[PDB]
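Below are two forms of the same protein chain, given as structure tokens: structure 1, then structure 2.
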Structure 1
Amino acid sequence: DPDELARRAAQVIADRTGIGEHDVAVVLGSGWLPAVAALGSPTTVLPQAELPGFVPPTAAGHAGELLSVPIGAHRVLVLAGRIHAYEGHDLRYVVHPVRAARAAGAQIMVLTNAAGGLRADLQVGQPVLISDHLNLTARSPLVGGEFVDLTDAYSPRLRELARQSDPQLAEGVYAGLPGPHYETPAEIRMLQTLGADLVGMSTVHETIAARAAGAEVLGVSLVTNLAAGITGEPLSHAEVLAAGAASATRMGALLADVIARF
């Protein structure tokens, strides 16, 4: 049962961190892992593979960490690494971290991602708040009769707090695709038609599960490249990592500054 696995994981988290409730959770994936060093100093570091329900039996050798980090007056669970849908496992693994974090007390989920920029104004290394999303995966993490409204899924209140940290922050619509291939130029022209400003390979199911669980969500993209066809140059995964490493200090300091306002 997903709820039961989430409660079991939250109990292990409380026991191993010695902290009974974490009120905020942050998910870092590719593009954002370097930012951990500027975000804060963990008081507990746990391998995801040691926690119930996090890592598929299939491969345990590539999973990241769960961190307990004090940020302002909060106790923050930081997921340092995602198991992406493109690994080919059930979505329960994608959204179990959100569900476990909620069961541990998290009222707010900060979901970070890397993205390709579709919109005219965007630059490599630019953070962009997610105002809404397009789920283009043809999937949902909700199974059976679990209904959730996604109006204001990306909390307006939390985007306002982020704009206090940086009043020039852009905001835009994120298209979540399966991956792991990059899009063709024709696909990017299609996404422009569909109203996407950003394109990536994560996040949409985490947002849905978070809202279904009653948590508020803040989404932040790092633009790692302009999308296929815009510059004419080929894309490469090296760009994602390079942008993450280059932006690390700024991005960690931004997240810490915003979370302290919660």
Structure 2
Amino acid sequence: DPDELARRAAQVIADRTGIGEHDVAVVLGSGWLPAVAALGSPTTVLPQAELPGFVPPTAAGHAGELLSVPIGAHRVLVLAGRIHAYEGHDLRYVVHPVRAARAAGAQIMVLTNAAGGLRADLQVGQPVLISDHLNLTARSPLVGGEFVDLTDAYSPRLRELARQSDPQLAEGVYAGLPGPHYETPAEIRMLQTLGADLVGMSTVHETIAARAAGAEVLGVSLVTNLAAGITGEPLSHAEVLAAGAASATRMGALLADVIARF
């Protein structure tokens, strides 16, 4: 039962953090993990693997940390590490962190991800607010007749507040793909035709699960590379894996300023 696992998780978070309510939660992608220190000083740090439902029975142990960070007036639940669909787990395990955070009081979910830019005007190292998504995974985290509206899934309100922090923040449509292979240049030309500005391998299921629970979502991509076929050179996975470190302080500063305005 996702609801039951989510409440058992929230209880242990409340115990281990001695805080009964975290009103904001941030999921950090690979691209945003470097920024963790620049968010603020945490009051508690525990292994995600010690939390009910975080470690998919499939196998392995989540390599990720949960952090409790005071930012402005807010008490922030920071999830440093996420599970991806491309690891082969049921989506229940992929969106569990979002549901656990909701059951722990989260009103707002900041979902960060790495992405390829598809739009001429995007640069490597640029943070881009997510205006909307294309779920191209042919899956949903919802089972049975759980009908949810995905109008304004990325709160226009939270994007206004983000732009009060930095009026030059660009907006884009994020295409969520299964991965883990990068796209062919032909797949990228297809995604351009379908209205995509950004391409990644996360987020869309977390957004659906967050909206189904009634939480507000802010989505932020880090453009870690231009998308396949755009440069005329191949994608370097080394340049991509290292992209977050080139932007850590700038990204951490941005998240901390924007969360303070919620």
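Please note that residue numbering is based on structure 1, beginning with 1 at the start of its sequence. If you superpose the two forms and keep the largest set of C-alpha atoms that fall within 1.5 Å, you have the rigid core.
A.B. asks: Tell me, which of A60, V45, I230, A38 is the one whose C-alpha shifts by at least 2 Å between structures 1 and 2, with the rigid core superposed?
C.D. replies: The listed residue whose C-alpha shifts by at least 2 Å is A60.
A.B. asks: Quick one: how many Å does the C-alpha of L241 shift between structures 1 and 2 once the rigid core is superposed?
C.D. replies: Here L241 registers a C-alpha shift of 2.5 Å.
A.B. asks: Could you check how much the CA of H84 shifts between structures 1 and 2 after a rigid core fit, in angstrom?
C.D. replies: Comparing between structures 1 and 2 after core fitting, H84 shifts 0.6 Å at its C-alpha.
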